[PDB]
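What follows is a single chain, given as structure tokens, in the form deposited in one PDB entry.
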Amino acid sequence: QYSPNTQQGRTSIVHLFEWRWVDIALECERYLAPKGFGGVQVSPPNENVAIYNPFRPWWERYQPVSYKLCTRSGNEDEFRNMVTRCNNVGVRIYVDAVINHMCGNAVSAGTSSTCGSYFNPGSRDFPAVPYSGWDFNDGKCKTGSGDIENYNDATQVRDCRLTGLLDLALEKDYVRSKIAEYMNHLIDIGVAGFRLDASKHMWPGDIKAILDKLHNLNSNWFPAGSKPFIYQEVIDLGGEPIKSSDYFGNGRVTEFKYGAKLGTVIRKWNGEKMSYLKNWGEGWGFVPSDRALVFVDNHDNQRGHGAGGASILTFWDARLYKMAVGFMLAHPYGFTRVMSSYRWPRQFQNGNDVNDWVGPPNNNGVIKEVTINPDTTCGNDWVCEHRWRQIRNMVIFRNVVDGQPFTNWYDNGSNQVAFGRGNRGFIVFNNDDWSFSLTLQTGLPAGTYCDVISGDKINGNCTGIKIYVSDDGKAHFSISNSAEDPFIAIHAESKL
């Protein structure tokens, strides 16, 4: 299962955070497929609680009310339509699966759900599933408040409520079956895998029990015997009793130390410098590459929530952000996920953003459509990082060099480094406060190459910097510390 199930030649998935199904469907056809993206992680597709205080925050989608495919992103018809269209184009769909819990216990009963389904948090009643008091861990948890109070007790992390979220009793076959019914429904529709939300709060064995009940991927699109791609969200920054290695038997795991460390290195915090990245990978204490799902930032930590803390880089830090995503996409470690966000009015008070709950662009709660500007950027406040030339081209760079070994490393002992991927690609970084100008061994065949960061190879010529590689594989690179993007990347497919 540890396989992404993407089409051979596509090495990344993009998280289109809070996008509408019809928009993702269009994007699959007009951009994702043509540009070589392997897949899309979609926000929870199941019915959630409609929260008006604050006004429709992004996190209301992590408070399930039922498993009906009915949310602000669209209905079941639109969802199935999106999966079909995307698949028929070679772009996979991965579902954000919230199976650990239902909504907050403090939520009011009624029908304030994205689909009118009736629910009653207080009496533990969710008739639309259905679920009742018998399906929650209320009696199982032993904390005085019923919530998770101590992360050093691996037992309450699993049996108690993560910040009040009603905890499902995943050891009961009935509950396991209603969750598998939900997931198989999605698999049969055509989804290629799942992000198991809050995997640290579930026992490795209960997860395994559910995965045993899952179908093989839709044979109309996937070869027989295909298993769904599973990546478990486990925030393991060391120090806790629960280790992400405990989950290797169920599938991959999100490596949160990846973005956190890369963040500090590129920001050059407390001594860190890029020259130290020569042995980036397991050498830094990360999980084995073949069990890693990596990223620079995610929906949680890009807004002071998840893990990484203050070192995390996001679109807000555009220049350093493109450099980290660039390094990630060039380096051989793990399977990469690209983030695509929307802008929100950050309002830092006392060093904290009081507007981090703000939901996606909307009009009276109705999510805005993604509009494409003439330069390919997006309107309506969608940042669309996946459409930034520097990022889009590095997505293609990863596809071109897939399989090539890590070689020809160079560093000045400070923050100017470079390395190639076999004889298929080469990348150079200048993160020092002074210019870089030197001739380096690239390992690429002779010729004139287009730098894919500053420009594009527009059949016959380049729109940006051009690099000339000699017969012995050497080439001169010059990067001012004043460049908009302090790094250059060239590959086999950008060769003139």
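Sequential numbering from 1, following the sequence displayed. Note that the rigid core is defined as the largest set of C-alphas that superpose within 1.5 Å between two forms.
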Output the stretch having the higher mean C-alpha B factor in the entry; the candidates are 461-469 and 37-45.
461-469
Mean C-alpha temperature factor, higher of 345-353 and 260-268
345-353
Please work out which residue in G190, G420, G326, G146 has the highest C-alpha B-factor recorded for this crystal structure.
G146
Residue with highest C-alpha B-factor in the PDB entry, from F248, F397, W409, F119
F119
Just say lowest, middle or highest third for the CA B-factor of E60 relative to the other modelled residues in its chain.
middle
Ranked C-alpha temperature factor of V287 among modelled chain residues, by third:
lowest
Relative to the other modelled residues in the chain, which third contains the C-alpha temperature factor of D23: lowest, middle or highest?
lowest
Tell me, lowest, middle or highest third: where does the Cα B factor of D197 rank within its chain?
middle
By the entry's values, the third containing the CA B factor of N373 is the highest
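There is also a form deposited in another entry; it is not shown, and the following applies to it.
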The residue to pick from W316, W284, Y276, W221, given a Cα shift of 2 Å or more between this form and the one not shown after core fitting, is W316
Superposing on the rigid core, I want to see if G249 changes position between this form and the one not shown - specifically a Cα shift of 2 Å or more.
no
By the 2 angstroms cut-off, has the C-alpha of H331 moved between this form and the one not shown once the rigid core is superposed?
no
C-alpha of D411 moved at least 2 Å between this form and the one not shown on rigid core:
no
Flagged pair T111/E60: C-alpha distance shifts by 3 angstroms or more in that other deposited form. Which direction, closer or farther?
closer
Distance change of 3 Å or more between the C-alpha atoms of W388 and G308 in that other deposited form: closer or farther compared with this structure?
farther
